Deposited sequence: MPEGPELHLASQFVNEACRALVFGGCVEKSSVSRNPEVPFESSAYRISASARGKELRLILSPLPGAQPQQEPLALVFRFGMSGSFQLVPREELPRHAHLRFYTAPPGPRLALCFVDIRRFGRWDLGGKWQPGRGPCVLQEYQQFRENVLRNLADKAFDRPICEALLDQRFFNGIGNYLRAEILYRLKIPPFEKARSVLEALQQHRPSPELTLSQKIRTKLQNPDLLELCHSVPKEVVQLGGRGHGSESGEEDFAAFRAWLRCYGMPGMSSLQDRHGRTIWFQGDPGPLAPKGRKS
């Protein structure tokens, strides 16, 4: 999951939970090393927002709910396999690590944070990760300014393909988006980042960091096989036949067409 998946997971939670009232506790699986959520309320609503590669749930007790409680915020990072599902309460998928249970009246559902590989994390504060830069989807101008004012940072000494994964400057960009973004401008992935960015100090690389991920959000879906076909068809570069690939300095595969670029392994 990259920026577009975190955003669509947000839209899912807001849409699927619009007319739902939750009750009881927040249940963690016994194998999750993430923290217990100390929250009980007889009647609460769940809402969400995304920022880059993080998602924030707000748990909002209704007027008079008991025990007395203030709203609680949780922030999620999805790692390699995180997702939200709404399922029947007795049809929990495998690897449902955190569960929110609908109160009656109506079909007993669970909203589940599902994470096969368990690289996903949640924190009890409502706070975004300190050090992550602005959202490329929802805070474009702040994102763009934060890169252009910090080109002296040693992060920009690196290949552009490596710099695009650094969540201090490109919060929301992951391995498929870096390939798609670089393929549209035919920028060699191992061109130095500072060269490509001082050059833009006909959409430029920073506009595409916003508009390419926006295109994925516009497809819709992502699971929550027919929209998996839509995604595969949208991809022009990542994993595609006739495309080159190399390992970057952290062993992550960059897909590209043509010239690997000057700092290539």
Hey, which stretches of the deposited sequence didn't make it into the model?
1, 203-221, 245-249, 291-295
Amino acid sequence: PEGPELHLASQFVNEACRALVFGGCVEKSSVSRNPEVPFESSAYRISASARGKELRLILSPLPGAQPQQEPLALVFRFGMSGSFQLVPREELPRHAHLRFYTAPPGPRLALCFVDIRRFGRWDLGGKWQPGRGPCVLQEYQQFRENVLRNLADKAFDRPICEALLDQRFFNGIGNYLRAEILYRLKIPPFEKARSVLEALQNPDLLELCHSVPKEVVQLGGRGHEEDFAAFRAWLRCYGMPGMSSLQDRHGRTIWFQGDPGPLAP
From here on, numbers count along this sequence of modelled residues.
Which is higher in the entry, the mean Cα B factor of 63-71 or that of 48-56?
63-71
Using only C-alpha atoms and the B-factors in the entry, which stretch averages higher, 112-120 or 90-98?
90-98
Name the residue from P159, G79, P105, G133 with the greatest C-alpha temperature factor listed in the entry.
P105
Given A43, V216, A199, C237, identify the residue with the highest C-alpha B factor in the PDB entry.
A199
Splitting the chain's C-alpha B-factors into thirds, which one does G172 fall into?
lowest
Please rank the C-alpha B-factors of the chain's modelled residues and tell me whether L20 sits in the lowest, middle or highest third.
middle
Taking only the Cα B-factors deposited for this chain, tell me whether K154 sits in the lowest, middle or highest third.
highest
Name the third of the chain's ranked CA B-factors that contains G3, choosing lowest, middle or highest.
lowest
